[PDB]
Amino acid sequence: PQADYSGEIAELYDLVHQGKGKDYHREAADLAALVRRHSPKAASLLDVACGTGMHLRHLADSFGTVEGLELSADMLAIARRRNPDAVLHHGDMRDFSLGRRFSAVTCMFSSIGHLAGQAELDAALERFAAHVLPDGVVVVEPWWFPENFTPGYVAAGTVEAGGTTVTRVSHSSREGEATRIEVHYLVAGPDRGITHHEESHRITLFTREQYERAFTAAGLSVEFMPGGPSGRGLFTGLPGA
């Protein structure tokens, strides 16, 4: 039903991804070490599709200035509360223009898969290049590629916090050149009873070559790293191709 990271889905986001084991503190430390490898003097970072601003909160401990861009107002509201001294823009990775550049431009946890087709992917990569300093680095965490996607995958987990029990179950299928992921939730607590929610997303299965193509078209040199924080690896790009 929803595909827009809104309402109760946005409110549940952080608890469910923490319950699944996601460690944004570690991921931010790793990201900052990776960035400083390619740009030793790096000072500022823009996190695109920053969601609830969990990486930004931790990256602020490593970078003098951090900033975000996010499409969903409800995600953004959470992010702004968590990062009250940073600028967080409501906008679209396909066409934003902030009039400034950063040491690092990051786009994490498969947000890039919400783009449809090579044209949107190239457009986003060009915007990321349009916002990186000449000595900086772009980091994009892809969705699954066709060559590593597992169709029929079922993930189920339950987490409890503050008196509330949340179960999240996903099923991922092949829909042409994308994954269809259906996600259902049961949210329960003594005072509120049980509520059911659902999300459904089409997330594009770009090949590695297609990602590399978008980096190249944007003037970035590209390298893929397998494994990565979420099993999908990580691409890094440097201006100067």
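All residue numbers refer to positions in the sequence shown, first residue = 1.
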property	result
Residue 41 dropped in a third or more of the other entries	yes
Higher-scoring stretch by recorded Cα B factor average, 42-50 or 185-193	42-50
Stretch with the higher entry mean CA B-factor, where the candidates are 56-64 and 204-212	56-64
Per the PDB entry, maximal CA B factor within 160, 135, 120, 141	135
Within-chain third of residue 232 by Cα B-factor, per the entry	lowest
Residue 114 - which third its CA temperature factor falls in, relative to the rest of the chain	lowest
Lowest, middle or highest third - CA B-factor, residue 108	lowest
Entry-reported Cα temperature factor of residue 11, expressed as the chain third it lands in	middle
B-factor third for the C-alpha atom of residue 96 within its chain	highest
